[PDB]
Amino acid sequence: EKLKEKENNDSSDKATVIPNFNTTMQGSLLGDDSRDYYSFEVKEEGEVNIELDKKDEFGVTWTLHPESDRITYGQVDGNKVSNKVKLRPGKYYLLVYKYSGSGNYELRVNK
């Protein structure tokens, strides 16, 4: 089961809401669509696993920052761009963006 992104989401004030943990978002970065912003909320301090799965071969990663220099980057490894981050309760912004090519991805925040 997945939830589709909602364009235009190219900046944080237009971020697509990830309504809960354990919700796979589906998106794409085709052509000049190079940025897809999402937001999520943390209600209790804890480890957050953020996982992007590439559905095509292309250069895509992500950058996490709180709504607030605390930023955190996705670690690329083959078809997965991942990280495990200790977050305090708060709203967070997750910029999915590409540096080469074009393609599709899924994004999940696991808690």
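Heads up: residue numbers just count along the shown sequence, starting at 1.
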item: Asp69 dropped from a third or more of the other entries of this protein; value: yes
item: Count class of deposited residues lacking coordinates, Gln75 to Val76; value: none
item: Higher-scoring stretch by recorded Cα B factor average, 88 to 96 or 6 to 14; value: 6 to 14
item: Mean temperature factor over C-alpha atoms, higher-scoring stretch between 34 to 42 and 47 to 55; value: 47 to 55
item: Assigned third (lowest, middle, highest) for the C-alpha B factor of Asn83; value: middle
